[PDB]
Each structure stands twice: as C-alpha cells, then as structure tokens.
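Counting convention: from 1, in listed order, for ligands and their atoms alike. Nothing fancy with the numbering, it's 1 onward along the sequence. Every heavy atom of this structure was used, including side-chain atoms; hydrogens, water molecules and symmetry mates were not.
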Amino acid sequence: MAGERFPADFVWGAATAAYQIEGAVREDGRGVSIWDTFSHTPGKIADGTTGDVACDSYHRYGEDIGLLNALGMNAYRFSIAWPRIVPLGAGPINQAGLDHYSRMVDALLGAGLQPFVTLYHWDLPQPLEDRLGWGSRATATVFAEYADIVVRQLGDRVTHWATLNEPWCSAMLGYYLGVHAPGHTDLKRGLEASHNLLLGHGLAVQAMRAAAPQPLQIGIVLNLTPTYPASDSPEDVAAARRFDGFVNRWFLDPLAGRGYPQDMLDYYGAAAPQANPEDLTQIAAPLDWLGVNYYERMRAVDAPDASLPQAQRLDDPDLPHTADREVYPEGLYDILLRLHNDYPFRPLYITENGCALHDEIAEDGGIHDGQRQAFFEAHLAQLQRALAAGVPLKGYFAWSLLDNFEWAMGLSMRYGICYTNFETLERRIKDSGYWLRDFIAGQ
Ligand SMILES: OC[C@H]1O[C@@H](O)[C@H](O)[C@@H](O)[C@@H]1O
Ligand SMILES: OC[C@H]1O[C@@H](O)[C@H](O)[C@@H](O)[C@@H]1O
Ligand SMILES: OC[C@H]1O[C@@H](O)[C@H](O)[C@@H](O)[C@@H]1O
Ligand SMILES: OC[C@H]1O[C@H](O)[C@H](O)[C@@H](O)[C@@H]1O
Ligand code: NA
C-alpha cells in the first residue's frame with residue numbers, strides 16, 4: 001500500500017442527514033419542518049415521495065450502526081433534527097428529542113463510532129419560516145439557542161460539531177432558485193438568507209463554547225465547487241470568477257474574516273444584504289475545523305442572458321457521468337490546495353463525497369456499483385496527493401451510508417454505499433461499501 005496509507009488516527013465515516021433518513025415525522029413531539037411542508041406540496045419532489053418514512057432510521061438507527069460497524073468505520077456524520085429538539089423553532093425544548101439522540105450517541109460511542117454531529121441540515125422549523133425563516137435575523141438568534149440546548153445535553157460526549165451544512169444550498173436553492181425548501185424564488189431573499197445563516201453560525205459557535213461542559217471542536221460544512229473557465233477569454237474567465245464568488249467565496253471570505261468579496265457585493269448591488277461590521281465580526285467566530293463537501297467542478301462559459309451569476313456549465317462528454325453529475329476527481333485536489341494555501345481553516349475534513357447511480361440488486365444479490373468504487377478510489381487518490389502537499393486533512397466521510405430521500409429528487413436518486421429497499425426497509429451493503437471496508441482495514 002505504498003503511498004495509500006492514511007494516518008492511523010484518520011477519521012473514516014459515512015454521512016447522513018435527519019430528514020433524509022429518519023422518518024417518524026409526527027412521532028415523539030417532532031414539529032413540522034420546511035421540508036415536511038415542501039415534500040407535501042404537489043410537484044416539489046420528482047417522484048411523489050416524502051420523508052415521512054424514508055429509511056425509518058428514527059426507529060432503525062441500530063441497523064445503521066450495524067452497517068457502520070460492518071464497514072469498519074470509526075465515525076458517523078449525522079444531523080440532529082431541530083424540529084425534534086425545539087418543535088416550534090423558538091419555543092420550549094422537547095426532551096424526548098434530546099433523549100433519543102443521547103441514546104443514539106451512547107450507542108455509537110459504545111460501538112467505537114465517533115459522532116460528528118451536524119446541527120442544521122436544512123430542516124428549519126416551519127413556524128420560523130412563517131416568520132420569514134432565514135429571511136429574518138431572529139432565526140439566527142434562535143438557531144444559536146437551539147445549538148446551546150443541544151450541546152448542553154450532548155457535549156460531554158460529542159466533541160466534534162458542525163453548525164450548518166451547505167448554507168449556499170439553504171440560501172440559494174431554498175430562497176433564490178426555489179428548488180429546495182422553503183421554495184422561494186428571489187435573489188435578494190436568498191442573499192439575505194445567506195447572511196442570516198452566516199450570522200446564525202457565528203452566534204451559535206459562541207453559544208456552544210459557553211454552553212459546553214468541555215472544549216469542543218466546532219466547524220462548519222461548505223459545499224465547494226472548483227470552477228474553471230472554458231477558455232482564457234476575458235468573458236469566460238470573468239464568468240468563472242462570478243460563479244466561484246457565488247458558491248465559494250461568498251461564504252469562505254466572511255468566514256475567514258475578509259468580509260464579503262467586493263466583486264460580488266458590487267455585482268449584486270441592490271440585492272446584497274446590509275452587512276454591518278458587528279455581524280461580520282460574529283460571522284468570523286474562530287473555528288476548529290472546516291468541512292468540505294465535494295462532488296463536482298464547474299467548467300464555466302459566459303452566459304449574459306442567464307440569471308445571476310451569468311455562467312453556464314460546459315458539458316464534457318469525455319468525462320464520465322453518474323446518474324446526476326459529471327465526475328472530476330482532480331477538482332478535490334485543486335480545492336484542497338486552494339484552501340491549504342489561500343485560506344486559514346485547518347484541519348480539514350471531507351464531510352461528504354459520493355455519487356448517485358442507477359443501483360440495482362443483481363441476480364446474485366449484490367449491488368455491483370463499480371463506478372461508485374472507482375469514484376471513491378479516485379477521490380481517495382487525490383486526497384493522498386493533497387496530504388502529500390501538506391494539506392492538514394483529518395478524515396473522510398462517504399455520502400451516504402445508505403440510499404435515502406434525496407431532497408427534490410425523492411427516493412429515486414440513490415447515493416448510498418448501502419442499498420435501501422424502501423418498501424421493506426432492508427439495507428444491503430453495495431460492492432463499493434465492501435471495497436471501503438477492505439481498504440480501511442488494509443489501512
Ligand atoms: O402532492 C404532494 C405530496 O403530498 C403528500 O401528502 C403525498 O404523500 C405525496 O405522494 C405527494 O407527492
Ligand atoms: O421511545 C420512543 C422512541 O424513541 C426512539 O429513540 C426509538 O428509536 C424509537 O423506536 C421509539 O419509538
Ligand atoms: O446531493 C447529494 C448530497 O449533496 C449535499 O449537497 C447534501 O449535503 C446532501 O444532503 C445531499 O444528499
Ligand atoms: O432501477 C435502479 C434505479 O434506477 C434509477 O435511478 C431509478 O430512479 C431508481 O428509482 C432505481 O432504484
Ligand atoms: Na455514465
């Protein structure tokens with residue numbers, strides 16, 4: 001395994017999110033989230049499905065633990081559902097929710113699985129959305145409150161915490177492009193949501209450190225899409241830069257204490273939120289790690305007629321595609337080298353990486369997902385290149401542990417290393433899962 005070995009203390013996991021797996025949407029005091037409302041809105045989800053049952057992991061998380069162990073993982077990245085903890089968003093605690101996750105943490109730790117807890121993976125309580133949701137500063141305050149409550153109960157056992165998952169998605173897909181909950185379609189509302197998300201992050205970090213019974217390792221998780229111009233023309237380079245600012249720098253820079261990127265501010269003009277010095281200070285609260293969710297690159301062509309940021313993807317039919325994305329492993333090297341050299345966050349974790357395929361159970365009973373195996377091998381090779389470059393990477397989480405409710409695509413789009421039969425709830429490990437098992441064991 002020359003050149004293939006990762007650090008002996010490397011974190012090896014798989015990842016999930018509460019609304020995608022849990023089900024039990026009305027049980028044990030759970031409130032209504034924006035994704036309950038959105039999934040039950042006609043035509044918002046591709047295939048008529050909802051998260052009402054999903055993988056039934058509310059009841060079945062011991063099965064999930066069994067899979068993690070069968071895989072020889074040493075960690076599990078999962079989210080806590082705010083609707084189970086503070087059903088009204090701003091309001092009383094629901095102790096049955098806290099006690100469920102407490103039991104789940106003890107089960108994980110008992111099994112030798114470090115919990116990597118995401119506080120916010122998109123399931124905003126609907127009552128908050130009724131009051132503008134991420135469009136309101138008050139939501140930031142009450143998000144920090146929620147962070148406080150959870151860390152008070154679980155922070156004697158869970159050291160590693162992420163405040164938000166992918167605030168670009170929450171803001172832009174949820175408030176600008178309308179493809180995620182709550183489903184609004186206004187640029188200024190998306191940018192305002194981005195700010196309040198960032199603010200909430202920063203407020204929560206401070207709240208968590210105060211509320212914690214021991215020192216924590218607190219991070220945030222960002223989707224990053226390395227962007228490349230399709231030519232070196234001024235037009236295509238500028239288009240690459242705008243897309244890069246839209247997705248990456250818009251979040252990285254304020255987190256890094258650099259304020260919002262001025263190119264973007266000027267570009268958005270009227271639509272840009274008002275960002276006082278005080279909020280930017282709070283947004284840059286010191287972090288102990290950064291999580292990177294990596295799936296794809298953007299090869300950008302100028303598109304003056306399109307919506308902001310006026311940049312279209314140029315498809316490359318020479319690169320392989322999965323069920324829903326282009327495969328470009330080298331982009332993971334590039335993005336990590338950029339973070340290592342250009343930004344201050346360290347250590348880094350790959351909090352998600354994975355792919356969707358048209359997975360089926362074969363005649364023999366296995367799932368022969370060689371493309372997903374190759375996806376992991378190629379990305380893990382790039383991570384070995386990045387580590388050889390000095391990048392302080394401390395773990396890797398495959399998205400996902402098991403096939404699940406894939407947001408607007410529903411149960412139809414399978415990302416698991418384990419196959420989920422949605423009718424019987426049986427899980428079965430796919431070939432890529434066995435590969436990860438044996439790679440991790442070998443070391
Ligand atoms: O119409 C939106 C959704 O409403 C839900 O109550 C149904 O269970 C789904 O099958 C349907 O897609
Ligand atoms: O005890 C109420 C609930 O608590 C959860 O933690 C368990 O996973 C469920 O099976 C049970 O219904
Ligand atoms: O689309 C695959 C995955 O992409 C990421 O943006 C999200 O964090 C996951 O919840 C989603 O399932
Ligand atoms: O048939 C294999 C798979 O094909 C496609 O991805 C379908 O969307 C999915 O529902 C099915 O499980
Ligand atoms: Na393909």
Side-chain angles (χ1 to χ4, degrees), residues 16 19-27 30-56 58 67 83 122-123 126 129 173-174 178-184 295-299 313-331 353-379 398-433:
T16 64
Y19 189 76
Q20 306 188 255
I21 68 169
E22 285 176 7
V25 291
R26 290 174 288 275
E27 303 191 28
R30 185 175 176 278
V32 181
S33 81
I34 61 172
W35 270 95
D36 297 270
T37 303
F38 195 69
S39 291
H40 285 266
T41 300
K44 299 300 184 182
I45 309 304
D47 69 350
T49 62
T50 68
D52 284 1
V53 183
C55 314
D56 201 31
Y58 188 74
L67 297 168
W122 308 353
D123 45 349
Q126 179 68 52
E129 182 56 31
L173 304 174
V179 307
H180 283 182
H184 290 279
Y295 294 92
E296 64 197 9
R297 59 164 189 180
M298 171 62 162
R299 187 170 63 168
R313 164 175 275 96
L314 180 72
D315 293 334
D316 183 340
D318 282 1
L319 298 178
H321 286 63
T322 70
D324 64 345
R325 300 185 197 254
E326 173 196 70
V327 184
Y328 192 73
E330 292 85 2
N353 183 237
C355 72
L357 294 170
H358 298 301
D359 296 297
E360 29 200 350
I361 301 183
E363 178 64 24
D364 55 277
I367 308 89
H368 310 310
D369 63 337
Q371 188 179 11
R372 179 175 297 107
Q373 183 184 313
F375 186 100
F376 295 131
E377 294 204 33
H379 292 83
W399 179 269
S400 187
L401 182 52
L402 73 173
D403 301 329
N404 60 59
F405 179 85
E406 180 45 35
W407 304 120
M409 306 307 317
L411 297 177
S412 291
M413 188 66 76
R414 291 181 182 280
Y415 269 92
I417 66 188
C418 302
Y419 185 98
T420 308
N421 183 316
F422 302 112
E423 298 167 51
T424 65
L425 298 149
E426 179 189 5
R427 309 102 148 94
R428 194 172 293 192
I429 303 174
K430 311 179 180 172
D431 293 353
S432 62

Looking at ligand 1, is there an atom of it that comes within less than 4.0 Å of some heavy atom belonging to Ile45?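 Not so, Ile45 does not reach ligand 1.
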Does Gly43 come within less than 4.0 Å of ligand 1, judged by its heavy atoms?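 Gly43: no contact with ligand 1 (<4.0 Å).
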Tell me: protein heavy atom nearest [atom], and distance?
{"atom": "atom 8 (O) of ligand 1", "result": "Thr50 CG2, 4.1 Å"}
{"atom": "atom 11 (C) of ligand 1", "result": "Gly48 O, 3.9 Å"}
{"atom": "atom 3 (C) of ligand 1", "result": "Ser39 O, 3.6 Å"}
{"atom": "atom 1 (O) of ligand 4", "result": "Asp359 O, 4.2 Å"}
{"atom": "atom 6 (O) of ligand 4", "result": "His358 ND1, 2.7 Å"}

Are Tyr419 and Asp369 close enough that a side-chain donor and a side-chain acceptor fall under 3.5 Å? no
Ignoring waters, how many N, O or S atoms from the protein are under 3.0 Å from the Na ion (ligand 5)?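 Atoms of protein N, O or S type lying less than 3.0 Å from the Na ion (ligand 5) total 1.
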Based purely on interatomic distance, does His40 place a nitrogen or oxygen under 3.5 Å from a nitrogen or oxygen of ligand 1? yes
Compare all side-chain heavy atoms of [X] with those of [Y] and state whether any distance is below 4.5 angstrom.
{"X": "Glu129", "Y": "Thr37", "result": "no"}
{"X": "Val179", "Y": "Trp407", "result": "no"}
{"X": "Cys55", "Y": "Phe422", "result": "yes"}

Out of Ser412, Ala323, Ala46, whose heavy atom is nearest to atom 10 (O) of ligand 4? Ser412
With atoms numbered from 1 as shown, which atoms in ligand 4 lie under 4.0 angstrom from a non-hydrogen atom of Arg414?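 With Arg414 as reference, the close atoms of ligand 4 come out as 12 (O).
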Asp431 side chain vs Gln373 backbone, donor-acceptor pair below 3.5 Å: no
Side-chain (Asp403) to main-chain (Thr420) donor-acceptor, under 3.5 angstrom: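 Answer holds: yes.
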Ion pair check, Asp123 and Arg30, cut-off under 4.0 Å: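 A salt bridge is absent here (no side-chain N lies under 4.0 Å from a carboxylate O).
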Just do the salt bridge (charged side-chain N to carboxylate O under 4.0 Å, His left out) check on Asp36 and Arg26 with the steps written out, would you? CA-CA 10 Å; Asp36 297 270; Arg26 290 174 288 275; 5.7 Å; no
Nearest-0.5 Å distance that lies between atom CG in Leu402 and atom NZ in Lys430: 9.0 Å
